[PDB]
């Protein structure tokens, strides 16, 4: 067909739209109905399009991704599992991105130089393992993973999986990009088919056009308030409508990105002329030309059926700010001042932060600089502290060149290294004490308890970069940029003008410095060394196979009340130092979850000693004494980040099952991958029948089967027993992971030894 390379770094890997077309055509002859765009790309990547059972929300699809992307806080454990597999090389184009371990302290260059000294052990390990197994490596400083992906790797119709829940960002370029745990990435790098539950499709029809202060971020802050953090679970969100051509390509990526906060499997936009423009400006005019020839397959079919349809009129949409402790608590910026006052949220803004993968593009930096230049023209500077993270080295070099970075420095901002930084808590924050109540406003996406600075009393609000800039200048949540006045140096009252800025550089992007390291695919004679006394890296010892018995008289380690994100289960921030060391990072297990017994975080009753203490210590005491334990959870357990450490850590410390009212998708898959049993209440009111003091017997594991419930006997201390039923979503592939002790153990069994 055409021989168009997948990226500038893989000149020999060609885009296979011929394959995609071929598969869409097998499937539509079977289904005889219009297909949505996400159905065309997902079913077009089926391992077996002729025989695959396709029922939305019901069957598990066996798929063949085009490429794998990893960031350095999850790549370490994905590569340690890959090293256990014993396989010699990755089977599909794969990259490692070093963006999560650079701490914000001194700003830009000084922080990067310091992270390279401090994290030498880990960057060495990832570069060496990348060279040995044929994985491309983007060096520290290169940029946040999703911005490097949109700039170099995402294209219309790609199916990309990434070890990061914001991999959906690539939906801004018409690809299906899905976040997974490290063990799922091991499946694809190993060449075995990846399984995904067939998604429902929510359509969001965009009407009108964005005007003034309203930005792409407001579309997804509004959708999150409408759908709530659990409303997109099990579905792909497909944006369509006349309003789409009003949004820039990085704007569409912003909206697809934060679809992660409603639990969606991913989000996508149809191929259109804004995408084409972005592809040509990023040196990929040949891919835009090929996608023009296959365009029918890169837009939805006429009259396709959405399981839910939402319509948003972009012209009536106004600026929003979401939070404080969930991203779906949505307020118009015009009302946040009064709600904060009413609710006791601090009105003074201590720090305004722009960046993260959600809002770090060239256009976001231009729109922020446009607010800031107006303040500067009146002799004002920021009243709040103000930090700026460029998304990639190319964006940093270009905003510097085009003058935006100096405007942002002159109003009072500090430009940080091209890295996650304060978004995953990598921030040496010293202006507040721990436990001090304060408000920060960010252009990030999550605002979970203690995630940005480890202070559970920080009230963080997420909004657009131009509203962060306007609120940082005013210093208070009681300031609406659309209606209120500032007072210049000169004594006159002035109003801020709605920002306007170019979506892309008029001139070409300046690439900045060299940060990609291609694998030698010649040599590969690297020995990967992991020192046996390392505190940051540890080779894995396989988990135990199932003993063949039911699980009787399980102790409850903790019955969790309310919201329990993966940041509650396995905190980030300072714990990122141990992301390649399972035993050391297991010391944070569930320290943020709230215990229903006493309403406290990290304080549970040891059943043997009758002392209340830290959850990790108590799980290790039970493991030491052979007591097998369970966690009981509430709704949407494991919400948030894809980090598989939230499943590896309970397995490592002796946990057996997690029984909840519902699970977020990636965490439920990570639990099944590590040989734990994620089970849900067949009647969610049974959560109230289980007391912290009960012992539980799970029965029926011997004829464990897809669609059959398991029985749970609740043994109350007074002698009363009650039987309840527990549902699971295991298919027979996944039951084999459980019988083997983990999916990795199962994979190694199939190696005929």
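Residue numbers count along the first chain shown, from 1. Here the rigid core means the biggest group of C-alpha atoms that line up within 1.5 Å when the two forms are laid on top of each other.
Note on 355 to 363 and 399 to 407: with rigid core alignment, C-alpha atoms in 4 other deposited structures of this protein sit farther from this form for 355 to 363. Rigid core fits of the other structures in 4 other deposited structures of this protein place the C-alpha atoms of one stretch farther away on average; of 77 to 85 and 338 to 346, that stretch is 338 to 346. Of the two segments, 64 to 72 and 724 to 732, the one listed with the higher mean B-factor is 724 to 732 (C-alpha atoms only). Comparing 689 to 697 with 34 to 42, the higher mean C-alpha B-factor in the PDB entry belongs to 689 to 697. Highest CA B-factor among 223, 145, 647, 377, as stated in the entry: 377. Highest C-alpha temperature factor among 313, 443, 215, 265 per the entry: 313. The entry lists a Cα temperature factor for residue 97 that places it in the lowest third of the chain's modelled residues.
Residue 195: CA B factor lies in the lowest third for its chain, per the PDB record.
When the modelled residues of the chain are ordered by C-alpha B-factor, residue 328 sits in the middle third.
In the deposited entry, the Cα temperature factor of residue 130 places it in the middle third of its chain's modelled residues.
Among the modelled residues of its chain, residue 322 has a C-alpha B-factor that falls in the middle third according to the deposited record.
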